[PDB]
file entry10.txt (compact mmCIF, N, CA and C atoms)
# COMPACT_ATOMS: atom_id res chain seq x y z
N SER A 1 64.38 -33.87 -62.57
CA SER A 1 64.16 -32.61 -63.34
C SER A 1 64.00 -32.93 -64.83
N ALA A 2 65.09 -33.16 -65.52
CA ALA A 2 64.99 -33.48 -66.98
C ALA A 2 65.61 -34.86 -67.26
N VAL A 3 65.97 -35.12 -68.48
CA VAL A 3 66.58 -36.44 -68.82
C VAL A 3 68.01 -36.25 -69.34
N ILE A 4 68.79 -35.45 -68.66
CA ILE A 4 70.19 -35.21 -69.12
C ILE A 4 71.14 -35.12 -67.92
N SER A 5 72.35 -34.67 -68.15
CA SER A 5 73.35 -34.54 -67.04
C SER A 5 74.71 -34.15 -67.63
N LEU A 6 75.66 -33.86 -66.79
CA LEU A 6 77.02 -33.46 -67.29
C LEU A 6 77.73 -34.66 -67.91
N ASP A 7 77.21 -35.84 -67.72
CA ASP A 7 77.84 -37.05 -68.32
C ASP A 7 76.94 -37.61 -69.43
N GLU A 8 75.82 -36.98 -69.66
CA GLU A 8 74.89 -37.44 -70.73
C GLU A 8 74.41 -36.25 -71.56
N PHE A 9 75.17 -35.18 -71.57
CA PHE A 9 74.75 -33.98 -72.36
C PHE A 9 75.30 -34.03 -73.78
N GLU A 10 75.97 -35.08 -74.14
CA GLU A 10 76.51 -35.19 -75.53
C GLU A 10 75.47 -35.85 -76.43
N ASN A 11 74.24 -35.93 -75.98
CA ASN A 11 73.17 -36.57 -76.80
C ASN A 11 72.40 -35.51 -77.60
N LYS A 12 72.03 -34.41 -76.98
CA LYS A 12 71.26 -33.38 -77.72
C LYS A 12 72.17 -32.27 -78.23
N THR A 13 71.90 -31.80 -79.41
CA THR A 13 72.73 -30.71 -80.01
C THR A 13 72.30 -29.34 -79.49
N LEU A 14 72.48 -29.09 -78.21
CA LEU A 14 72.09 -27.77 -77.62
C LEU A 14 70.77 -27.25 -78.21
N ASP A 15 69.70 -27.97 -78.05
CA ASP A 15 68.39 -27.48 -78.60
C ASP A 15 67.23 -28.37 -78.13
N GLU A 16 67.46 -29.65 -78.05
CA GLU A 16 66.37 -30.57 -77.61
C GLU A 16 65.98 -30.29 -76.15
N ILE A 17 66.74 -29.50 -75.44
CA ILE A 17 66.39 -29.24 -74.01
C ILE A 17 66.89 -27.87 -73.53
N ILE A 18 67.35 -27.02 -74.41
CA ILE A 18 67.88 -25.68 -73.95
C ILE A 18 66.72 -24.69 -73.73
N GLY A 19 67.03 -23.50 -73.28
CA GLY A 19 65.96 -22.49 -72.99
C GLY A 19 66.10 -22.02 -71.54
N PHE A 20 65.32 -22.58 -70.66
CA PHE A 20 65.39 -22.18 -69.22
C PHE A 20 66.37 -23.10 -68.49
N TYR A 21 66.17 -24.39 -68.57
CA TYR A 21 67.13 -25.34 -67.92
C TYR A 21 68.55 -24.98 -68.40
N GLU A 22 68.63 -24.26 -69.49
CA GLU A 22 69.94 -23.84 -70.04
C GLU A 22 70.69 -22.98 -69.04
N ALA A 23 70.11 -21.91 -68.58
CA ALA A 23 70.83 -21.04 -67.60
C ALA A 23 71.68 -21.90 -66.65
N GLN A 24 71.14 -23.00 -66.18
CA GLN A 24 71.92 -23.90 -65.27
C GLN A 24 72.69 -24.95 -66.07
N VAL A 25 72.39 -25.09 -67.32
CA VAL A 25 73.10 -26.07 -68.19
C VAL A 25 74.22 -25.33 -68.93
N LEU A 26 73.90 -24.22 -69.54
CA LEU A 26 74.92 -23.42 -70.28
C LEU A 26 75.90 -22.80 -69.28
N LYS A 27 75.40 -22.18 -68.24
CA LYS A 27 76.33 -21.59 -67.23
C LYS A 27 77.10 -22.73 -66.57
N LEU A 28 76.57 -23.92 -66.68
CA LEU A 28 77.23 -25.10 -66.10
C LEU A 28 78.20 -25.68 -67.14
N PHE A 29 77.75 -25.93 -68.36
CA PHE A 29 78.68 -26.44 -69.42
C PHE A 29 79.91 -25.55 -69.46
N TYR A 30 79.68 -24.29 -69.29
CA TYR A 30 80.81 -23.33 -69.31
C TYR A 30 81.61 -23.47 -68.01
N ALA A 31 80.97 -23.91 -66.95
CA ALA A 31 81.69 -24.10 -65.66
C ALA A 31 82.40 -25.45 -65.66
N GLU A 32 81.80 -26.43 -66.27
CA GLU A 32 82.42 -27.78 -66.35
C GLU A 32 83.29 -27.84 -67.60
N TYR A 33 82.72 -27.53 -68.73
CA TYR A 33 83.51 -27.54 -70.00
C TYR A 33 84.05 -26.13 -70.28
N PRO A 34 85.31 -25.91 -69.97
CA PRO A 34 85.92 -24.58 -70.20
C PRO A 34 86.13 -24.34 -71.70
N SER A 35 86.35 -23.11 -72.09
CA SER A 35 86.56 -22.80 -73.53
C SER A 35 85.39 -23.33 -74.36
N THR A 36 84.51 -22.45 -74.77
CA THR A 36 83.33 -22.89 -75.58
C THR A 36 83.75 -23.91 -76.65
N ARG A 37 84.94 -23.77 -77.17
CA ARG A 37 85.43 -24.73 -78.20
C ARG A 37 85.44 -26.15 -77.61
N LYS A 38 86.13 -26.35 -76.52
CA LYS A 38 86.17 -27.70 -75.90
C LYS A 38 84.82 -28.00 -75.25
N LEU A 39 84.08 -26.98 -74.92
CA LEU A 39 82.74 -27.19 -74.30
C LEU A 39 81.79 -27.75 -75.35
N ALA A 40 81.86 -27.21 -76.53
CA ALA A 40 80.98 -27.70 -77.64
C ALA A 40 81.36 -29.13 -78.02
N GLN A 41 82.55 -29.56 -77.68
CA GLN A 41 82.99 -30.94 -78.03
C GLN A 41 82.17 -31.97 -77.25
N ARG A 42 81.81 -31.66 -76.04
CA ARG A 42 81.01 -32.63 -75.23
C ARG A 42 79.52 -32.44 -75.51
N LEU A 43 79.10 -31.22 -75.74
CA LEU A 43 77.66 -30.95 -76.03
C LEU A 43 77.36 -31.20 -77.51
N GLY A 44 78.30 -31.73 -78.26
CA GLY A 44 78.05 -32.00 -79.71
C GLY A 44 77.47 -30.76 -80.38
N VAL A 45 78.29 -29.82 -80.73
CA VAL A 45 77.77 -28.58 -81.38
C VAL A 45 78.86 -27.89 -82.19
N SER A 46 78.51 -26.84 -82.89
CA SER A 46 79.52 -26.11 -83.71
C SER A 46 80.17 -25.01 -82.87
N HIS A 47 80.45 -25.30 -81.62
CA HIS A 47 81.09 -24.30 -80.71
C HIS A 47 80.45 -22.91 -80.85
N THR A 48 80.92 -22.11 -81.78
CA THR A 48 80.35 -20.73 -81.93
C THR A 48 78.84 -20.77 -81.72
N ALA A 49 78.19 -21.75 -82.27
CA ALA A 49 76.72 -21.86 -82.08
C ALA A 49 76.42 -22.02 -80.59
N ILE A 50 77.10 -22.93 -79.95
CA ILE A 50 76.88 -23.14 -78.48
C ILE A 50 77.11 -21.82 -77.74
N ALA A 51 78.19 -21.15 -78.03
CA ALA A 51 78.50 -19.85 -77.36
C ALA A 51 77.39 -18.84 -77.62
N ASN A 52 77.16 -18.49 -78.86
CA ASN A 52 76.09 -17.49 -79.17
C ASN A 52 74.82 -17.80 -78.38
N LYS A 53 74.41 -19.04 -78.34
CA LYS A 53 73.18 -19.39 -77.59
C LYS A 53 73.28 -18.86 -76.17
N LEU A 54 74.23 -19.32 -75.41
CA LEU A 54 74.34 -18.82 -74.01
C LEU A 54 75.15 -17.52 -73.94
N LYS A 55 75.64 -17.06 -75.06
CA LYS A 55 76.39 -15.78 -75.05
C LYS A 55 75.41 -14.69 -74.64
N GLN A 56 74.22 -14.74 -75.19
CA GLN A 56 73.19 -13.73 -74.83
C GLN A 56 72.59 -14.05 -73.45
N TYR A 57 72.82 -15.23 -72.92
CA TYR A 57 72.27 -15.57 -71.58
C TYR A 57 73.06 -14.86 -70.49
N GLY A 58 74.24 -14.39 -70.81
CA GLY A 58 75.09 -13.69 -69.80
C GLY A 58 76.33 -14.54 -69.51
N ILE A 59 76.69 -15.41 -70.41
CA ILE A 59 77.88 -16.28 -70.20
C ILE A 59 78.85 -16.13 -71.37
N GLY A 60 79.45 -17.21 -71.80
CA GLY A 60 80.41 -17.13 -72.94
C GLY A 60 81.60 -16.26 -72.55
N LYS A 61 81.46 -14.96 -72.63
CA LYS A 61 82.58 -14.05 -72.26
C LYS A 61 82.18 -13.18 -71.07

call {"tool": "encode", "arguments": {"input": "entry10.txt", "output": "structure tokens"}}
result
Amino acid sequence: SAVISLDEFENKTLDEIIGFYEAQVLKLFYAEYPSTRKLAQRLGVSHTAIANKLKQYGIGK
């Protein structure tokens, strides 16, 4: 599919591959990485930024 994974998602700052694959990546980061705060720690991001992105996707809260 793409060039990432739950063990290699700390390379892109939630943008080099987000959008559609996100629904399964963001809904997944939130399923694998609980608490957007600790979730942003693996996805290398400013947390709130990571949340807002998939917050409108139907996740986050």

call {"tool": "atom_distance", "arguments": {"input": "entry10.txt", "atom1": "atom N of residue A:4", "atom2": "atom N of residue A:16"}}
result
11.1 Å

call {"tool": "residues_around", "arguments": {"input": "entry10.txt", "residues": "residue A:29", "least_positions_apart": "4", "cutoff": "8 Å", "atoms": "only N, CA and C atoms", "output": "list in words"}}
result
residues 6, 22, 23, 24, 25, 33, 34, 35, 36, 38, 39, 40 and 43 of chain A

call {"tool": "atom_distance", "arguments": {"input": "entry10.txt", "atom1": "atom CA of residue A:32", "atom2": "atom C of residue A:5"}}
result
10.1 Å

call {"tool": "atom_distance", "arguments": {"input": "entry10.txt", "atom1": "atom CA of residue A:10", "atom2": "atom C of residue A:44"}}
result
6.6 Å

call {"tool": "select_by_dssp", "arguments": {"input": "entry10.txt", "residues": "chain A", "states": "alpha helix (DSSP H)", "output": "ChimeraX atom specification"}}
result
/A:20-32,36-42,48-55

call {"tool": "closest_residue", "arguments": {"input": "entry10.txt", "among": "A:30, A:19, A:14, A:61", "to": "residue A:49", "atoms": "only C-alpha atoms"}}
result
A:14

call {"tool": "closest_residue", "arguments": {"input": "entry10.txt", "among": "A:12, A:1, A:26, A:59", "to": "residue A:45", "atoms": "only N, CA and C atoms"}}
result
A:12

call {"tool": "decode", "arguments": {"input": "entry10.txt", "residues": "chain A", "atoms": "C-alpha atoms", "output": "PDB file, in the first residue's frame"}}
result
ATOM      1  CA  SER A   1       0.000   0.000   0.000  1.00  0.00           C
ATOM      2  CA  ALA A   2       2.265   2.847   1.197  1.00  0.00           C
ATOM      3  CA  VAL A   3       5.770   3.144   2.717  1.00  0.00           C
ATOM      4  CA  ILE A   4       4.889   3.343   6.434  1.00  0.00           C
ATOM      5  CA  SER A   5       3.560   1.237   9.362  1.00  0.00           C
ATOM      6  CA  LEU A   6       2.799   1.323  13.114  1.00  0.00           C
ATOM      7  CA  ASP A   7       6.536   0.753  13.724  1.00  0.00           C
ATOM      8  CA  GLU A   8       7.740   3.237  11.075  1.00  0.00           C
ATOM      9  CA  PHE A   9       5.196   6.079  11.460  1.00  0.00           C
ATOM     10  CA  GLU A  10       7.624   8.232  13.482  1.00  0.00           C
ATOM     11  CA  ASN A  11       9.272   9.358  10.216  1.00  0.00           C
ATOM     12  CA  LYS A  12       6.646  11.719   8.733  1.00  0.00           C
ATOM     13  CA  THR A  13       5.154  14.615  10.720  1.00  0.00           C
ATOM     14  CA  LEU A  14       1.483  13.671  10.057  1.00  0.00           C
ATOM     15  CA  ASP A  15       1.473  15.228   6.552  1.00  0.00           C
ATOM     16  CA  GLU A  16       3.844  13.436   4.153  1.00  0.00           C
ATOM     17  CA  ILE A  17       1.205  10.669   3.845  1.00  0.00           C
ATOM     18  CA  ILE A  18      -2.031  11.771   5.633  1.00  0.00           C
ATOM     19  CA  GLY A  19      -5.407  12.421   3.918  1.00  0.00           C
ATOM     20  CA  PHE A  20      -7.205   9.188   2.914  1.00  0.00           C
ATOM     21  CA  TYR A  21      -4.760   6.530   4.178  1.00  0.00           C
ATOM     22  CA  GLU A  22      -5.196   8.617   7.352  1.00  0.00           C
ATOM     23  CA  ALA A  23      -8.696   7.339   8.184  1.00  0.00           C
ATOM     24  CA  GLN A  24      -6.961   3.947   8.711  1.00  0.00           C
ATOM     25  CA  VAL A  25      -3.770   5.588  10.036  1.00  0.00           C
ATOM     26  CA  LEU A  26      -5.304   8.238  12.345  1.00  0.00           C
ATOM     27  CA  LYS A  27      -8.141   5.962  13.520  1.00  0.00           C
ATOM     28  CA  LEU A  28      -5.334   3.437  13.947  1.00  0.00           C
ATOM     29  CA  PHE A  29      -2.739   5.720  15.674  1.00  0.00           C
ATOM     30  CA  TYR A  30      -5.566   6.502  18.048  1.00  0.00           C
ATOM     31  CA  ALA A  31      -6.273   2.749  18.396  1.00  0.00           C
ATOM     32  CA  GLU A  32      -2.591   1.844  18.861  1.00  0.00           C
ATOM     33  CA  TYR A  33      -1.330   5.094  20.412  1.00  0.00           C
ATOM     34  CA  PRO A  34      -3.882   6.063  23.095  1.00  0.00           C
ATOM     35  CA  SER A  35      -4.174   9.682  24.307  1.00  0.00           C
ATOM     36  CA  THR A  36      -3.396  12.001  21.363  1.00  0.00           C
ATOM     37  CA  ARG A  37      -0.594  13.352  23.593  1.00  0.00           C
ATOM     38  CA  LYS A  38       1.249  10.002  23.760  1.00  0.00           C
ATOM     39  CA  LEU A  39       0.018   9.259  20.221  1.00  0.00           C
ATOM     40  CA  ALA A  40       1.749  12.369  18.856  1.00  0.00           C
ATOM     41  CA  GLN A  41       4.948  11.171  20.586  1.00  0.00           C
ATOM     42  CA  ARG A  42       5.317   8.270  18.122  1.00  0.00           C
ATOM     43  CA  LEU A  43       3.979  10.150  15.076  1.00  0.00           C
ATOM     44  CA  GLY A  44       6.412  13.031  15.822  1.00  0.00           C
ATOM     45  CA  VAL A  45       3.919  15.914  16.064  1.00  0.00           C
ATOM     46  CA  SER A  46       2.641  18.727  18.311  1.00  0.00           C
ATOM     47  CA  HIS A  47      -0.152  16.465  19.653  1.00  0.00           C
ATOM     48  CA  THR A  48      -2.970  19.062  19.408  1.00  0.00           C
ATOM     49  CA  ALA A  49      -2.008  19.313  15.738  1.00  0.00           C
ATOM     50  CA  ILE A  50      -2.249  15.519  15.331  1.00  0.00           C
ATOM     51  CA  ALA A  51      -5.652  15.518  17.088  1.00  0.00           C
ATOM     52  CA  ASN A  52      -7.190  18.445  15.153  1.00  0.00           C
ATOM     53  CA  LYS A  53      -6.176  16.707  11.904  1.00  0.00           C
ATOM     54  CA  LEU A  54      -8.079  13.499  12.658  1.00  0.00           C
ATOM     55  CA  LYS A  55     -10.385  15.310  15.095  1.00  0.00           C
ATOM     56  CA  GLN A  56     -12.466  16.387  12.095  1.00  0.00           C
ATOM     57  CA  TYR A  57     -12.089  12.853  10.607  1.00  0.00           C
ATOM     58  CA  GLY A  58     -14.419  11.540  13.345  1.00  0.00           C
ATOM     59  CA  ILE A  59     -11.788  10.475  15.920  1.00  0.00           C
ATOM     60  CA  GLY A  60      -9.830  12.261  18.680  1.00  0.00           C
ATOM     61  CA  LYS A  61     -12.844  12.506  21.021  1.00  0.00           C
TER      62      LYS A  61
END
